[PDB]
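Peer 1: Residue numbers (the numbering used here), protein chains in the order written: chain A, 2 to 45; chain B, 2 to 45; chain C, 2 to 45.
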Amino acid sequence: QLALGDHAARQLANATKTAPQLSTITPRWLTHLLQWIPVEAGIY
Amino acid sequence: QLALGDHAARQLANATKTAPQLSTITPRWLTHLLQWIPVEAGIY
Amino acid sequence: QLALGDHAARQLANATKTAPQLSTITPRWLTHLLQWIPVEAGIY
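Put into structure tokens, the structure is as follows:
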């Protein structure tokens with residue numbers, strides 16, 4: 002070995018961590034396309 | 002010969018020189034299309 | 002060959018070109034030494 006290795010050197014390094022990925026996410030186009038109306042007391 | 006020739010006259014003239022042309026250059030569309038993310042310390 | 006050669010490298014370089022040299026040019030001392038007189042209409 003001539004110099005310090007990558008495996009040893011990484012111990013001082015901070016990894017970039019992503020938020021967990023969810024496979025089931027879909028664009029959900031219908032909710033975006035529909036028009037939403039507020040109801041005063043849950044009755045229409 | 003009535004007058005000075007083109008071959009002799011060129012010796013006083015400065016040629017327009019291009020930078021060398023490389024045939025292997027390609028547009029490389031994928032690199033342009035991809036989104037690039039920086040990593041803090043080489044770990045993702 | 003370890004690196005680019007001089008013959009190839011010169012193709013991008015601009016040569017310094019002199020005006021043509023004439024061997025028959027002489028100092029012509031007599032013309033400088035003589036005194037020159039203008040004549041009005043070519044008759045003296």
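Beta carbons are placed, not taken as given, at the ideal position from N, Cα and C, and that holds for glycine.
Tell me the residue span of the alpha helix (DSSP H) that contains C:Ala9.
Peer 2: Here the alpha helix (DSSP H) through C:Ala9 covers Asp7 to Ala10.
Peer 1: Determine the closest residue to C:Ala10 out of B:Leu5, B:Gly6, B:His8 and B:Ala20, with distance taken between C-alpha atoms.
Peer 2: The shortest C-alpha separation from C:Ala10 is found at B:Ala20.
Peer 1: Take B:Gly43 as the anchor and find which of A:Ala42, A:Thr27, A:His8 and A:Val40 has the nearest alpha-carbon.
Peer 2: Of A:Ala42, A:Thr27, A:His8 and A:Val40, the residue nearest in Cα terms is A:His8.
Peer 1: Would C:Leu23 pass as an interface residue toward chain B - the criterion being a Cβ-Cβ separation below 7 Å?
Peer 2: Output row for C:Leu23: interface = no.
Peer 1: Taking only the alpha-carbon atoms, compute the straight-line gap between C:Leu5 and B:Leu35 and give it to the nearest angstrom.
Peer 2: Each residue's Cα considered, the two are about 36 Å apart.
Peer 1: How many angstroms separate the CA atom of B:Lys18 from the CA atom of B:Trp37?
Peer 2: So the alpha carbons of these two residues sit roughly 37 Å apart.
Peer 1: Chain B beta carbons: is any one of them nearer than 7 Å to that of A:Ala16?
Peer 2: Interface residue, yes.
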